[PDB]
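Using the authors' numbering, you'd call the opening residue of the sequence shown number 1 and step up by one each time.
Where is the CB? At the ideal position from N, CA and C, for every residue including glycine.
Some notes on the structure that comes next.
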Amino acid sequence: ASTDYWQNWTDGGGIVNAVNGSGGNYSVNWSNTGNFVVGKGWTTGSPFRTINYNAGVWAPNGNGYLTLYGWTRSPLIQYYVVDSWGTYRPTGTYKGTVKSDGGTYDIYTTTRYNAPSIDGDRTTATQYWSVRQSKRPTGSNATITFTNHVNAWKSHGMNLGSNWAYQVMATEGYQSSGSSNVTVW
Ligand SMILES: O[C@@H]1[C@@H](O)[C@H](O[C@@H]2CO[C@@H](O[C@@H]3CO[C@@H](O)[C@H](O)[C@H]3O)[C@H](O)[C@H]2O)OC[C@H]1O
Ligand SMILES: [Zn+2]
Ligand SMILES: [Zn+2]
């Protein structure tokens, strides 16, 4: 299934120039931001989906994540599969690792108060992370075999909700500037 969902949220800090391009393509050029999340993917996430992307530009100047980004409800859980970042590698409570798609990821949990909610309001968010141990090379076609992460998480006691909200390959930033250009499929 092709992408059907455009994610474009900013807390209003700084400049977030996001372009919804053709197909699965988007770009972001940002300057001195607060928090923002831009990406393309699917309105209804799946634990069985293989997300493909090609980040032709990954140029954060400060904190930016090049990451799968999604939510589940019942219960409310936010998840990430971070392939690359800028000046900050996100971490949390260490749970283990998972190998997937030619990389090794550390698995983390975190609980964030006053976090952006599914719709951009605020909420207490339980978050599951796979974070690559080194930044993934960009500019070639890349796969995130998400089932590998879901299964690894499950095996470490990290169960997702039964109701799936959106699931995107995102640029998230905080307190930074940068450029990204990503095609998702
Ligand atoms: O950032 C941009 C890159 O993402 C872009 O790379 C191309 C991305 O698309 C790849 O082809 C896809 C194959 O799957 C189909 O379903 C999609 O519709 C196609 O887009 C292609 O092989 C990559 O080269 O290059 C330009 C960059 O700006
Ligand atoms: Zn394990
Ligand atoms: Zn709301």
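Just the C-alpha distance for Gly-14 and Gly-178, rounded to the nearest angstrom, thanks. Within the sequence shown, the letter at position 14 stands for residue 14. Within the sequence shown, the letter at position 178 stands for residue 178. Straight through space, the alpha carbons of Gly-178 and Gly-14 are spaced by roughly 12 Å.
Considering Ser-31, what are the terminal residues of the alpha helix (DSSP H) in which it resides? Residue 31 sits at position 31 when you count from the first residue of the sequence shown. Run containing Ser-31: none in the alpha helix (DSSP H); it sits in the beta strand (DSSP E), 25-31.
Rounded to whole angstroms, what is the Cα-Cα separation between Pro-60 and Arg-73? As a position in the sequence shown, residue 60 is number 60, starting the count at 1. As a position in the sequence shown, residue 73 is number 73, starting the count at 1. If you take the alpha carbons of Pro-60 and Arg-73, they lie about 31 Å apart.
Checking 8 Å against the spacing of the C-beta atoms, do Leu-68 and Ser-84 come in under that value? Locating residue 68 in the sequence shown gives position 68, where the first residue counts as 1. Locating residue 84 in the sequence shown gives position 84, where the first residue counts as 1. Not a contact, by the Cβ cut-off of 8 Å.
Output the distance between the C-alpha atoms of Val-131 and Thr-87, rounded to the nearest integer angstrom. As a first step, residue 131 is located in the sequence shown; it is residue number 131 there, counting from the start. As a first step, residue 87 is located in the sequence shown; it is residue number 87 there, counting from the start. If you draw a straight line from the Cα of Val-131 to the Cα of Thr-87, it is about 14 Å long.
Between the Cα of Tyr-53 and those of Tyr-26, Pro-116, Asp-11 and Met-158, spot the shortest distance and give me the residue it belongs to. Stepping through the sequence shown from its first residue, residue 53 is reached at position 53. Ranking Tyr-26, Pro-116, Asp-11 and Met-158 by Cα distance to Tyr-53 puts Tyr-26 first.
Going by other Cβ atoms of all chains shown within 10 Å of its Cβ, with 16 needed for buried, is residue 216 buried or exposed? Lying outside 1 to 185, the shown extent of the chain, residue 216 is not represented and no answer is given.
Should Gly-64 be labelled buried (16 or more other beta-carbon atoms within 10 Å of its own) or exposed? Here residue 64 corresponds to residue number 64 of the sequence shown, with the count starting at 1. When all chains shown are included, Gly-64 counts as buried.
Give the DSSP-derived three-state secondary structure of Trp-153 in the structure shown. Translated into positions along the sequence shown, residue 153 becomes position 153. In this structure, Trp-153 counts as helix in the three-state DSSP scheme.
So, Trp-71 versus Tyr-174, is the Cβ gap smaller than 8 Å? By 1-based counting over the sequence shown, the position of residue 71 is 71. By 1-based counting over the sequence shown, the position of residue 174 is 174. No, the Cβ-Cβ distance between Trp-71 and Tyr-174 is not below 8 Å.
Assign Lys-40 to one of two classes, buried (16 or more other C-beta atoms within 10 Å of its C-beta) or exposed (fewer than that). Counted from its first residue, the sequence shown places residue 40 at position 40. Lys-40 comes out buried.
Quick one: what's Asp-106 bridged to in DSSP? Numbered from its first residue, the sequence shown carries residue 106 at position 106. According to DSSP, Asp-106 bridges with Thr-97 and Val-131.
I need the DSSP call for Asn-141, collapsed to helix, strand or coil. Here residue 141 is taken as the residue at index 141 of the sequence shown, counted from 1. In this structure, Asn-141 counts as coil in the three-state DSSP scheme.
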